[PDB]
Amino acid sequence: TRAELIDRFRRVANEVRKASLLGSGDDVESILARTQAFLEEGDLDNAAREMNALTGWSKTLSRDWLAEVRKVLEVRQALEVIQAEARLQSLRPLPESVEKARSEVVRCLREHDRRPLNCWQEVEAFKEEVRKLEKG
């Protein structure tokens, strides 16, 4: 029953509006309105195509928040390298095991400057090396 579908979208549309990352209330409101009307008009095909604008990865809307999530993860990783480096200097030649993990992180970051997240493992090894020094 098509009338049952409209109620489902109406509530999903309500949850969409509450999620601030998904849109700035510009295209998102017009996408929902057109989809609501297409469903009310019985144009399931266009309604399905219309909502695709909000779920497809190619659409600009997914790129906006995906970049936002990337910037946040990258900044956190950059902070942890400084944090682990700070903890290291607080302790004050050191084991080659610890410093080899440090050179690897910088060597990796230089290799992947555009997408630093490719060095997440190298950063983890560096953090664990600093952790170990604290214990012995």
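One rule holds for the numbers: they count along the sequence shown, beginning at 1.
> Look at the stretch from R92 to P93 and count the residues of the deposited sequence that the entry does not model, then pick none, 1 to 3, 4 to 9, or 10 or more.
Going from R92 to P93, the model skips 4 to 9 residues of the deposited sequence.
> I need to verify one thing: averaged over C-alpha atoms only, is the B-factor higher for 78-86 or for 26-34?
Comparing averages over the C-alpha atoms only gives 26-34.
> Going by the mean C-alpha B-factor recorded in the entry, which is higher: 122-130 or 17-25?
Mean CA B-factor is higher for 17-25.
> Name the residue from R110, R102, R49, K59 with the greatest C-alpha temperature factor listed in the entry.
Going by the entry's C-alpha B-factors, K59 comes out highest.
> Take the CA temperature factors straight from the PDB entry and tell me which of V98, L54, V69, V106 peaks.
Of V98, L54, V69, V106, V98 has the highest C-alpha B-factor.
> Would you please rank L5 by its C-alpha temperature factor against the other modelled residues of its chain and give the third it falls in: lowest, middle or highest?
According to the entry, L5 has a C-alpha B-factor in the chain's middle third.
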